[PDB]
Every structure is written in structure tokens, then in C-alpha cells.
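Data first, discussion second: the structure below is written as C-alpha cells.
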Amino acid sequence: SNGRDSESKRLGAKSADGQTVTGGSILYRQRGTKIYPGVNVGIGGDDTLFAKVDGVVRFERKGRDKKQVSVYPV
Amino acid sequence: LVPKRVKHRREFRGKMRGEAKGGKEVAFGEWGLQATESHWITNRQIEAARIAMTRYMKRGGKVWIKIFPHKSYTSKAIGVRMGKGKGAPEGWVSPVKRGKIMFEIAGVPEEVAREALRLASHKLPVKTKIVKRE
Amino acid sequence: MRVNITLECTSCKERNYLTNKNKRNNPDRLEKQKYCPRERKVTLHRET
Amino acid sequence: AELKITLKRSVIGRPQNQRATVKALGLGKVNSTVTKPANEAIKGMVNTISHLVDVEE
RNA sequence: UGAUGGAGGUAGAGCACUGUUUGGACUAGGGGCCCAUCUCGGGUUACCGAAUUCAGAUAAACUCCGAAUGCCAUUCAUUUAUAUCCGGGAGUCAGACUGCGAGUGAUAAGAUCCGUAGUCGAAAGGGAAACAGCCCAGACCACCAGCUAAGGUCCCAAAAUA
RNA sequence: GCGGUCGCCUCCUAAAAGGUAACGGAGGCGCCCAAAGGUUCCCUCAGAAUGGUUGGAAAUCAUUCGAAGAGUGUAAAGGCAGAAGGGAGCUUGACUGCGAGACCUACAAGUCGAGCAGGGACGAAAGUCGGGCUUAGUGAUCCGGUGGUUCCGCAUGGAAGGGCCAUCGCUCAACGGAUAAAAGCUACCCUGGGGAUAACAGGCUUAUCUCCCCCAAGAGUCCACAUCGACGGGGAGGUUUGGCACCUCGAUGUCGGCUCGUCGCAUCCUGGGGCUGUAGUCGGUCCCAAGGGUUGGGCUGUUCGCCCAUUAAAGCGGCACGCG
RNA sequence: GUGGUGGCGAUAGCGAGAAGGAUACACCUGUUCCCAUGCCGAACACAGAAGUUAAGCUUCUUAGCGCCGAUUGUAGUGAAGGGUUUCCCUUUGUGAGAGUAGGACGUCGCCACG
Ligand SMILES: [K+]
Ligand SMILES: [K+]
Ligand SMILES: [K+]
Ligand SMILES: [K+]
Ligand SMILES: [K+]
Ligand SMILES: [K+]
Ligand SMILES: [K+]
Ligand SMILES: [K+]
Ligand SMILES: [K+]
Ligand SMILES: [K+]
Ligand SMILES: [K+]
Ligand SMILES: [K+]
Ligand SMILES: [K+]
Ligand SMILES: [K+]
Ligand SMILES: [K+]
Ligand SMILES: [K+]
Ligand SMILES: [K+]
Ligand SMILES: [K+]
Ligand SMILES: [K+]
Ligand SMILES: [Mg+2]
Ligand SMILES: [Mg+2]
Ligand SMILES: [Mg+2]
Ligand SMILES: [Mg+2]
Ligand SMILES: [Mg+2]
Ligand SMILES: [Mg+2]
Ligand SMILES: [Mg+2]
Ligand SMILES: [Mg+2]
Ligand SMILES: [Mg+2]
Ligand SMILES: [Mg+2]
Ligand SMILES: [Mg+2]
Ligand SMILES: [Mg+2]
Ligand SMILES: [Mg+2]
Ligand SMILES: [Mg+2]
Ligand SMILES: [Mg+2]
Ligand SMILES: [Mg+2]
Ligand SMILES: [Mg+2]
Ligand SMILES: [Mg+2]
Ligand SMILES: [Mg+2]
Ligand SMILES: [Mg+2]
Ligand SMILES: [Mg+2]
Ligand SMILES: [Mg+2]
Ligand SMILES: [Mg+2]
Ligand SMILES: [Mg+2]
Ligand SMILES: [Mg+2]
Ligand SMILES: [Mg+2]
Ligand SMILES: [Zn+2]
Numbered sequence: 020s021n022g023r024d025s026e027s028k029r030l031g032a033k034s035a036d037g038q039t040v041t042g043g044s045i046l047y048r049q050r051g052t053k054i055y056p057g058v059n060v061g062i063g064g065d066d067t068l069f070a071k072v073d074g075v076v077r078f079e080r081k082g083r084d085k086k087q088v089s090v091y092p093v
Numbered sequence: 002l003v004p005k006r007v008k009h010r011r012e013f014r015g016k017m018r019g020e021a022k023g024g025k026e027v028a029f030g031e032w033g034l035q036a037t038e039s040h041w042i043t044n045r046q047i048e049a050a051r052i053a054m055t056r057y058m059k060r061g062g063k064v065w066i067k068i069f070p071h072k073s074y075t076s077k078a079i080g081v082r083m084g085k086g087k088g089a090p091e092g093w094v095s096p097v098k099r100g101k102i103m104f105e106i107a108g109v110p111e112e113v114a115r116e117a118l119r120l121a122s123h124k125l126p127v128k129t130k131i132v133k134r135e
Numbered sequence: 001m002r003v004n005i006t007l008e009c010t011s012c013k014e015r016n017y018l019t020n021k022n023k024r025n026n027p028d029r030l031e032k033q034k035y036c037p038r039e040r041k042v043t044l045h046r047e048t
Numbered sequence: 002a003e004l005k006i007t008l009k010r011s012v013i014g015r016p017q018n019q020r021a022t023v024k025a026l027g028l029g030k031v032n033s034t035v036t037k038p039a040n041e042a043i044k045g046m047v048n049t050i051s052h053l054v055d056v057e058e
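Protein chains in written order, with the deposited numbering: chain Y, 20 to 93; chain P, 2 to 135; chain 5, 1 to 48; chain 2, 2 to 58.
This is how it looks when you write it as C-alpha cells:
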């Protein structure tokens, strides 16, 4: 019998590229590393990308087929 | 005609819009039957068309059935109210969109080919036309 | 059979840590080196 | 240079963005007119609600 | 609203993976069948045929690809004038239809369940004969003034027997 | 009503942010690991080909090809071959006090978190470690148990009994949990409401049903089409079996029969005509035709149906299955 | 020129073929040494310089594979509309995938030895 489902986890990006964010802000929720942590960006125990420092968020491409998030202080 | 296996027992009815993605030109045979409208085609209809075509050809030449009834459709028995899950699988259809070449034939003179395709078309639920290999 | 257990500091007899163990795989009382906040140093904690 | 924009169509039954675009341009009742600079933003707003307004120089 | 930068895998498309699948080439192997058996050593059906390869399809739970939009953000630009927060007072938790995108249904229902926009709900007025939900359009009032929208102009019945 | 479901995780539905329903389409969870955790170092798979005793398709061995076609405790998705997969050494960070700032969110909760301090594991060092590739493996309060406690102690000292910190007792699984504790009948029934919600009829729909067609394989000695017409395809009707729940529950009386009829034609008889596998008498089929007519009984509440006896015929339907 | 070490999406790759070791890097000689093989000095570690470009390695040629990829056209689609409205069409904007012209056998740095 069908009819079951789990609560949506509100994954995805939580901060836009070029946005200023304070240290510790969550930048991306994900299962696995869909996007990798770049400069000044840490990855949590459940693959959540957060900013280690205050700065502007940037989404870049890590090589040919991988994405990445960096936080650049001003 | 029925698939040997299906990943999912039940499937969406779907939507048929636009021309066929591929197979709009006669590939193998010398003549082909092209559908000018979009419509479901049941395995029963395919078999009826195939029998008509082959029998008129006298089982000579060669016949190709380009379409296959991949999709399944369910139904609910009379006297059953709405709800309580999806109905049990009933039959098999191929969604055919206009421009698709449903049948091809070869190894037969043009008059025989045209007549055989005409009989098959009358069995099918779509309006059709005859096309020659390019 | 897996069950929750308490690890108590052998020095001050303070029930400090909560964990669990499979009895079949670890029949004997578990022992670890864990920080004891009361004594503020690492000590031998044994299951009770 | 300048654009004289006049509202020739009602806003009843229109998407909120189109209604808001009319409001932002500053038009009110039907046949209400306004004059705006011919900026890219203004021309974009005119294009967004082109079917509701008439534009002169 | 424009400019810029982004995140994402939909429409479409595609076969690079996974299912479904057509024909051709070849064949392991399987089936018959004989001789000869020590089932054993072969020769056969243009019998069924894996795997490979050539060509050709297919997909909500396939993707080598991949939009239009929508979304997030910018001490940005133009226009506009709202947004937060704190507190007093509520009502609302039966929705309906229409257009569009899906599911359930039978690609039925004035069916049902969502997303989305509009109207009704709470909206009078003009058209659709009558006709809440369609099209045009938002009544603060007076006028025996004028211009138009949808829709219309032979008579009922205003306006072209243009 | 019966059946199914109730909480949590994953996918599709879901319409390329997020979120998004159905008794929609699929699966899982109520754990497991003392290493399957941490760290240092090191390693790269699955299959195929070829060769090789037991040994055979396939045990173990060797070369080559082989970018992942393996594996990742456990569903799926996402991710991982700079490993998160695999092996070894040492270890217990599966640490204590926290925590700027975020995500999520009605609340209660849930999620991530750099960084500081204490004291450590591994490593030369860099540095990593607040469990496990990530996302389920869980349960409020009250009440009670156990341990700790420089907290309180009803005149005072104690005590009893409480507080605080730690942690245990939930298939409270109807999983935000009515109570420590609970199953049935009512046609003897009653009240408050609803056409928000069923049964009759109406309405919408037409899958089904009835009727009419298309193609023509066959049957018909030959011959598709006198007649019948497979496998298939397309419509009309609103009499059937159904679907929906839009009017009616401060009442729309519900079968059959009787009285009275009226209407539709998809015509039962009578009237006209075409075709015939129409010699004649009979017929078959089709076309036109609704003017009139279209029964008396046995059985059964019956409709229907069977039977008896007639008739030119003993039509089919609508009218709230017409008409209380 | 060679050897370290990097940046940039493989346009840096793969395949095939050719040249060189002067130096350098390598193979290469041994296990006495620290160290090691779930067996093997094959590997790892150590000591050394008999021989070789054989291989790797670097340089070069090649478009066979992989990679990058314009324009045009089309599907799709925002907005505004129409129709005989499951669907289809019109105006305006945007515009793929596929297919192809073509590009490409890398470039931009630092250091040591020449
Ligand atoms: K047809
Ligand atoms: K898809
Ligand atoms: K709607
Ligand atoms: K280890
Ligand atoms: K309950
Ligand atoms: K009784
Ligand atoms: K009635
Ligand atoms: K019908
Ligand atoms: K008909
Ligand atoms: K005949
Ligand atoms: K009633
Ligand atoms: K009657
Ligand atoms: K006759
Ligand atoms: K009559
Ligand atoms: K009787
Ligand atoms: K009565
Ligand atoms: K050696
Ligand atoms: K060499
Ligand atoms: K190349
Ligand atoms: Mg989910
Ligand atoms: Mg974790
Ligand atoms: Mg598609
Ligand atoms: Mg409705
Ligand atoms: Mg109301
Ligand atoms: Mg009105
Ligand atoms: Mg009213
Ligand atoms: Mg007003
Ligand atoms: Mg006028
Ligand atoms: Mg007049
Ligand atoms: Mg969306
Ligand atoms: Mg989404
Ligand atoms: Mg692991
Ligand atoms: Mg006292
Ligand atoms: Mg509950
Ligand atoms: Mg009684
Ligand atoms: Mg009552
Ligand atoms: Mg009702
Ligand atoms: Mg009524
Ligand atoms: Mg309803
Ligand atoms: Mg009354
Ligand atoms: Mg008639
Ligand atoms: Mg009697
Ligand atoms: Mg009646
Ligand atoms: Mg009456
Ligand atoms: Mg392209
Ligand atoms: Zn202690």
C-alpha cells in the first residue's frame, strides 16, 4: 500500500551569489557534496556548506564538472 | 505484443503534443504508413493491422512494426466508486504522435503495398497516409 | 543484544558518560579512557 | 528623451505584476497619462504592459 | 522595470547510463534429428537463440545535454511608496468557476486533488437572448452633454441594406 | 459500513529556488558497529580475454584490457576512485563547559555551526577528531527508579521530604500522548442538526448498455457485401449496470396494479417500394411511413418470464422507472 | 635543453609512430646498514654507480578516438491574442538538444642545472 512520504527537507541554496553574509551563515543544504566548499567555507556533518568568515558569497565551477562556493571578505 | 517486463506496474497516461520525436521517416521498408494525428494505439489494434497487411500480401515480402506498446493503462470495474488507489493494469498502448511511421513493408509491388497499408489504416484509430522510402 | 550502558569514573565513582554496547560482542564490562569533568582529567571509566 | 504614456486599457483581470507596473509608472484611472524619461528601465516597464498603454515621444 | 551574478535539471531534446524495444549480420549455447555412441565425434533445420556489432525507437520514478520563465542577491540604475517591528480589536479554517500545468477518473463529469492567474465570494454597469464564476469594465453624487472598451450597425433594437 | 491508513526516512507526482494535495505511483524505519569510530600511513575496483591439478559457467593463481559498469552495514535519492571504497599501526574526540552566526519553523521542537576554554587520541609537522558518505533507527508533560549534589530543611540541631545535575521506566505505534483504569445491542427508541452526506426521482458524464455505422478475413457449391460478418475502428441515444453528489432531509411518497391517457420512431400489423441465394405460396433484408390498431386467461405482490387460447398484429420507449 | 613546482574546463587527454640521455630523470647493482613484505629488497627503505635508451621519461609527427565548437534552421517557451479548444494556430521576445563549418596533439608562470 502506498500513501507514505517524508517531510521535505528544504534543501538547496540559502544565499545568493554576490550577497554579503556573516560568519557561520548556511550557504547550501544538500545530501552529499553536490557543491564543494571553497575558500573560507566549511562543510557540516550533513554536507551543509557554511561561511567561516564574513564576506560576499561566490559560486564558481571547480574544474570541468564540479561546482564550488567561496566567501570573500571585503 | 506485451513487454516481457516493466520497471513500474502502473504509469501515467501522459500527454501527446507535437510531432513524433523520431522515426518519422521510412527506415527499412520501401513503403510506410504515417500517422497524421496523435492517438493511443493498443496492442490489439497493432495486431489487427499486422494481420490485415500480411494476409493481403500473402505472407510475402517483409513487414516492420515500428511502434511498440510500452505504456500500460489501467481501469476500474463497473460499480466501483472513485478512490481506493489506482486501478489494476488492463491493457497496453503505444502513444503515437503525428508523423510517426507505424508500419513499413517491402518486397512487394507498389499496388499491393498501397492496398495492404490501406487495409491496416482502416483497422487503426488514427488517420494515416502512405509514404515511400526516400 | 544491544543495550544502553553507563560509564562511571573509577576514581570518583561519578556516572559521567552514556553509551551502548552489544552484550554478545562485548560480554565483559566496557572500559575506556574518558575525561572526568569533576576531576577535570582523563581517567578510567568502567561500565556498571 | 521623454515618453508620454497613457493608460488605454483597464487593469481589472490582469496579473499583479502588470498592475504593479502600472502603479510604479504612476498611472491611475484609465486614460490617465504621465511623462517619464526614456530609460531602459522605463522602456522595459512599457514593454511589460505594452498591451495596456500607448506611448508617444 | 532594466543591468549584472548566481542556484536548479522542468519543457524540449538525446541514447552517454538504467529499464522497455524493432529489424539486419554473426554466433556461443539450447532444441530436434541422423550416423556413431564411450552420448558420444560429427552434418542439418534458413527451429529458439545469449553476448557483440549495424541500423531504428521509447520513458513520471532514464539523462551525455538542456531552455523560456520563475527564484535568490546587488550600499547598482529609473519610477513608485510602501516595507519591518511593538501593541489593541477581529473575522476566516464549507469555497465556486474560467484559462493554463499535473495527478485520480475512462486523457468522462457542472467529477475529484494540487500548482498557477483571474473573476465571483464581497461587484453594480455594458456584451454573451435569459445566464454568480466567461468578455469589457470597478457605481461618492447631478445633467434631456461628448469620446470610447467588449460587442455590434436589415426590423424587433441604438448604429453601414458601408 | 467492510477493507486500508495514523509517527519518521527516500524517490516520482512537484509544473529546472523553496514549498505544494489525493483512500496518487513506489520503497524503507522503531536498528547496527567496541569497529563498521578517530587519527597516521598505505592501497584501488566489477567484469572480460588468455593460460593454468583437483576445478566443473563459476573456488584460488598469473598477464593484459578495463573510469567505475564495483563497493559504500541497512530503502531510495544525492555523493564518493584526490576517496566517503579497502588494509594495517596506535587509540577512544562515540570528549567536558559552551557557542558568534545561520537554516527550518504557528508553538513545542528540529538542523548546521566556525570559534573559545579544559584535558586528550593520532601524526615529525601541518593539522584532523564533539561518532559512522549524507538524510530514518523515535515519544511532551505528570509520576516513579538510580547516582551525584558547598541547594532547602516550617522554633533550633537533625530527620523526613523536596530542589538542582545525570540517567532509566512508553508498540502512550490512534506515535502533540483524554483516564492509573473501560466492550456491546436498540426494529421499543428519543433530541439537536445536515440536502455540508447516502437511499427515490431530477441534473452532469456515457465507461457499460441499446441502436446505427466504417474496413472486409471468412461463411454463403463459385461469389466479402441475397443473407451472416471475425480481428479491429467511428458515432448517436439517455430506456440498463454504473460514476459524481448539484436541488430537495423546518419531508420532492417509494414497486406493481387500476382510471386516464399523451408523446418519440430505432415500425409489431396495416400502406408504398428496392434487392434477393425473389419460380408460385411463403419469405429474408433494407428504404419511406407514427393515420389507426396493437388481447383474454393459469402461476406468481410482482416487473419480467413460462404456459394456455386467440389475433392482421399481440411494437419498443419517454412523460418524477407519467398518473396515491 | 633538461629536472623540479604550479595556474588555467582534455583546445592540456587517449591512440599510433619517430628521435635522446651531454647533464638531468630513469631504469640498473646489492641488502651491511635504519626500514619492509598479512610470502617475496617486486614494493617500501637504505648503500652504489657495471650497462641501456630497451621501457618509463622529454621532444617531435599524426585529427583515428575523446575534447571544444560558431552561424542558420527547428522543437520548446515568457507576454499579447485566436480557433472547429485532449489539441492547434497567430503576433512579439527568447531559444535549445541534435547536426554541422571549424578549432585543437596546449598555453600562462617560478626555480636549479645548461
Ligand atoms: K483509421
Ligand atoms: K523526465
Ligand atoms: K484552478
Ligand atoms: K584504523
Ligand atoms: K488519538
Ligand atoms: K425487534
Ligand atoms: K420519483
Ligand atoms: K455515447
Ligand atoms: K450511425
Ligand atoms: K455473389
Ligand atoms: K429529503
Ligand atoms: K405509453
Ligand atoms: K420486401
Ligand atoms: K402509425
Ligand atoms: K393474475
Ligand atoms: K394514497
Ligand atoms: K633494486
Ligand atoms: K626510453
Ligand atoms: K589532442
Ligand atoms: Mg522528500
Ligand atoms: Mg554525523
Ligand atoms: Mg519529455
Ligand atoms: Mg467542482
Ligand atoms: Mg460566505
Ligand atoms: Mg456583474
Ligand atoms: Mg447574489
Ligand atoms: Mg470607485
Ligand atoms: Mg462615437
Ligand atoms: Mg435602427
Ligand atoms: Mg517551480
Ligand atoms: Mg522544486
Ligand atoms: Mg564506511
Ligand atoms: Mg527544623
Ligand atoms: Mg496525532
Ligand atoms: Mg420484533
Ligand atoms: Mg429528529
Ligand atoms: Mg449537495
Ligand atoms: Mg426534483
Ligand atoms: Mg465537491
Ligand atoms: Mg417547507
Ligand atoms: Mg424511419
Ligand atoms: Mg382457479
Ligand atoms: Mg412512477
Ligand atoms: Mg399526485
Ligand atoms: Mg548546441
Ligand atoms: Zn572522576
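Every residue, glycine too, gets a C-beta built ideally from N, C-alpha and C.
Opening and closing residue of the beta strand (DSSP E) in which residue i lies
i, result
"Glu39 (chain 5)", "Where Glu39 (chain 5) is concerned, there is no enclosing beta strand (DSSP E), given that its DSSP letter is neither H nor E."
"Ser76 (chain P)", "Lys72 to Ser76"
"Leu34 (chain P)", "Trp32 to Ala36"
"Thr48 (chain 5)", "Unbroken run through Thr48 (chain 5): none, as it is neither H nor E."
"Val35 (chain 2)", "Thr34 to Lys37"
"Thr7 (chain 2)", "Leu4 to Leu8"
"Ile106 (chain P)", "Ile102 to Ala107"
"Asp55 (chain 2)", "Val54 to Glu57"
"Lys25 (chain P)", "Per DSSP, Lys25 (chain P) belongs to no beta strand (DSSP E) and is neither H nor E."
Sub-8 Å separation of residue i and residue j beta-carbons
i, j, result
"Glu135 (chain P)", "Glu26 (chain P)", "yes"
"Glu105 (chain P)", "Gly24 (chain P)", "no"
"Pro126 (chain P)", "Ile42 (chain P)", "yes"
"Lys130 (chain P)", "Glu38 (chain P)", "no"
"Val88 (chain Y)", "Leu46 (chain Y)", "yes"
"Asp66 (chain Y)", "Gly51 (chain Y)", "yes"
"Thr39 (chain Y)", "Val75 (chain Y)", "yes"
"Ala107 (chain P)", "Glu31 (chain P)", "yes"
"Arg99 (chain P)", "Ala36 (chain P)", "yes"
"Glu47 (chain 5)", "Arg29 (chain 5)", "yes"
Bridge-paired residues (DSSP) for residue i
i, result
"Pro96 (chain P)", "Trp41 (chain P)"
"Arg80 (chain Y)", "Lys86 (chain Y)"
"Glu135 (chain P)", "Beta-bridge pairing links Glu135 (chain P) to no other residue."
"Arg15 (chain 5)", "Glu8 (chain 5)"
"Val40 (chain Y)", "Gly74 (chain Y)"
Where the alpha helix (DSSP H) containing residue i begins and where it ends
i, result
"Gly45 (chain 2)", "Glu41 to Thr49"
"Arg20 (chain 2)", "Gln17 to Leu26"
"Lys124 (chain P)", "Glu111 to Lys124"
Through-space distance from residue j to residue i, alpha-carbon basis
i, j, result
"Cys12 (chain 5)", "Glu31 (chain 5)", "15 Å"
"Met54 (chain P)", "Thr75 (chain P)", "29 Å"
"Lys72 (chain P)", "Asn21 (chain Y)", "21 Å"
"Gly29 (chain 2)", "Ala2 (chain 2)", "23 Å"
"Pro4 (chain P)", "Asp84 (chain Y)", "37 Å"
"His40 (chain P)", "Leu53 (chain 2)", "40 Å"
"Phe29 (chain P)", "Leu118 (chain P)", "15 Å"
"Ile50 (chain 2)", "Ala35 (chain Y)", "29 Å"
"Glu79 (chain Y)", "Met46 (chain 2)", "32 Å"
"residue 74 (chain 2)", "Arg18 (chain P)", "Here chain 2 covers residues 2 to 58 and nothing more, so residue 74 (chain 2) does not appear."
"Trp93 (chain P)", "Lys63 (chain P)", "25 Å"
"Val90 (chain Y)", "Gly82 (chain Y)", "18 Å"
"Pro37 (chain 5)", "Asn4 (chain 5)", "21 Å"
"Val81 (chain P)", "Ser25 (chain Y)", "30 Å"
**Prompt:** What beta strand (DSSP E) runs, 3 residues minimum, are completely inside the region 46-81 of chain Y?
**Reply:** 54-56, 60-62, 68-70 and 74-80, all fully within the region 46-81 of chain Y.
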